[PDB]
Ligand SMILES: [Cl-]
Ligand SMILES: [Cl-]
């Protein structure tokens, strides 16, 4: 979801 | 239960 | 003073951030837990003492000071567990401004991370590397290496 | 050399113990995770790099080297992500004998802890404090302090 820990 | 992380 | 750390517990987003501060340098370690318990505090102190030479910990409140589980981890790891009474009133203020600083940092990163635990570790990283010049992470290594020598 | 670390992943009790070794001192940090995913490896490296001045990490396998999440954490924390090819064949044997040492220690403590994570942190503590003379925890602080000075 566009986060460092959730790129998706 | 007699353990460091569970004294019981 | 190379071996002295202070525990501190602050809250955000309905969760607890437990922090250990190395008093002489201001370097910190922190973790997110759902609630402060003696078991979570004890495991945090075991982790900290395997990574730095922790001689004394000033506990953050009287429940962690009383907790037999916390005392058992301080016994295991060779740590003198002490109270956190601010006999020097400057301590209250330092801790409070540290929590405000960390919360400020967490807000500045918060939208780069899905989970609060990531944001809190990004904030640990920024705090420990910030030059104010030496950083806290430089100060703690200097202090301890000077002690060993 | 003060900034170089190696990842290592070993298994026990159907769980995974992820280890980071500071190559020049033999100091370690470790955690228990249920499986070795890019997300778990990435968080571990973000934690390590906020605590020590991590310049390069040699990854433990090609999945963690390829992982975009691991590369995203190495970018965030300013770490050079590298492969872990044992160009010096001494590396394979050193890692294998560190894993055997840690599993031996873990067995020696295992009945003092209900949870494996406790036993692994007691093993990190014993490993880092063992004098072989200096301990690995003394060596890592001396090395990085010498580098800062
Ligand atoms: Cl709480
Ligand atoms: Cl796995």
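What you see of chain D is 1204-1335, 1340-1356, where the numbers are those given in Swiss-Prot.
How was it done? The header gives X-ray crystallography, 1.8 Å.
Using N, Cα and C of the backbone, Cβ positions are placed for all residues, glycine too.
Look at Swiss-Prot and you will find D:1211, D:1263, D:1299 tagged as Mg(2+) 3 binding site.
For the segment bounded by residue D:1335 and residue D:1340, where 4 residues are absent from the model, the Cα separation is 6 Å.
In sequence order, D:1209, D:1210, D:1212, D:1213, D:1222, D:1287, D:1298, D:1301, D:1302 are the residues of the same chain, not among D:1211, D:1263, D:1299, whose CB sits within 8 A of the CB centroid for the Mg(2+) 3 site.
Note on the binding-site residues D:1211, D:1263, D:1299: the fewest other CB atoms within 10 A surround the CB of D:1299. In the three-state DSSP scheme, residue D:1299 (Mg(2+) 3 binding site) is classed as helix. According to DSSP, residue D:1211 (Mg(2+) 3 binding site) is assigned to a strand segment. According to DSSP, residue D:1263 (Mg(2+) 3 binding site) is assigned to coil rather than to any helix or strand.
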